[PDB]
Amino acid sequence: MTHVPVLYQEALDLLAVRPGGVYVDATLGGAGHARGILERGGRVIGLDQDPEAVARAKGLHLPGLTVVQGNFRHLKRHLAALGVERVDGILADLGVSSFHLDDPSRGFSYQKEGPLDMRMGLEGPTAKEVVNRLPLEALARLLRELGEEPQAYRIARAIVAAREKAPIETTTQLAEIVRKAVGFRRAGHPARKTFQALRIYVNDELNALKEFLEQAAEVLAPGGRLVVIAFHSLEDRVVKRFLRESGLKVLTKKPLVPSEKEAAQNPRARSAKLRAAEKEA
């Protein structure tokens, strides 16, 4: 009915906020976690590429919060433009915003009709252009690599068959095309993996993440904490590998996961994996 930010206390405790400190909330969203950092006395530089989240966040007029519209893969550059080279802590709660999920017009849901857009921000071609133009081979690779889709070729072929008939324009048309090609699927609706892959591709999520992570490690002041909450297999693996290969002190050998109570209350929270590391010296 409101939804407490995922792993709120765990994330904040790991950030070890101290009054006067400066923290980066790299995925501001509705500012749920940011509010917690402000409450603990830290200042927050919050980034978000979704124009609707940026507008909303600013409309909250929270003292101590600086909102930056932009992609976290430009973190170092944007902090430098605010006159900041080091920060005390960094948080990233990955995924789409409330608007992305509750506003069918953004085209993120295979269940709610809307145009195939899927861009969290305003950068690059839409999912519509990707599904109507990528050659079969490229399409299948995208589904396989970014969606871990076992029936990548079969789905890609169905998408090509349909688009050669008429442009694929809506989430529900794409979802039905994938559903007809796959049929029953135990794990989740047959269109889920395809939608996830297209979302990752359209937003170049994995590379943006890898770039943000290395810049985050660099700008952390001594003893500062990098805290990331991952929600799907591919991004959690990127976070896990980065942290262990980074040289940072890994604080969470195993990811922190929400209690069944939190999982019960907030479904989105069920696949959450929180990992953190510390900058030393």
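In case it trips you up, residue 1 is the first one in the sequence shown, and so on.
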- Item | Segment of higher mean CA temperature factor, 149 to 157 or 193 to 201 | 149 to 157
- Message: Mean CA temperature factor from the deposited coordinates, higher in 252 to 260 or in 65 to 73?
- Response: 252 to 260
- Which of these, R119, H78, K165, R141, has its C-alpha atom at the highest B-factor, as the entry lists it? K165
- Message: If I read the C-alpha B-factors straight from the PDB entry, which of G36, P222, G247, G46 is highest?
- Response: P222
- Query: Within this chain, which third does the Cα B-factor at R275 fall in: lowest, middle or highest?
  - Reply: lowest
- Relative C-alpha B-factor of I229, binned into the chain's lowest, middle or highest third: middle
- Item | Position of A269 among the chain's modelled residues by C-alpha B-factor, lowest, middle or highest third | highest
- Task: Tell me, lowest, middle or highest third: where does the Cα B factor of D13 rank within its chain?
- Result: middle
- Message: Can you tell me whether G30 has a C-alpha B-factor in the lowest, middle or highest third compared with the other modelled residues of the same chain?
- Response: highest
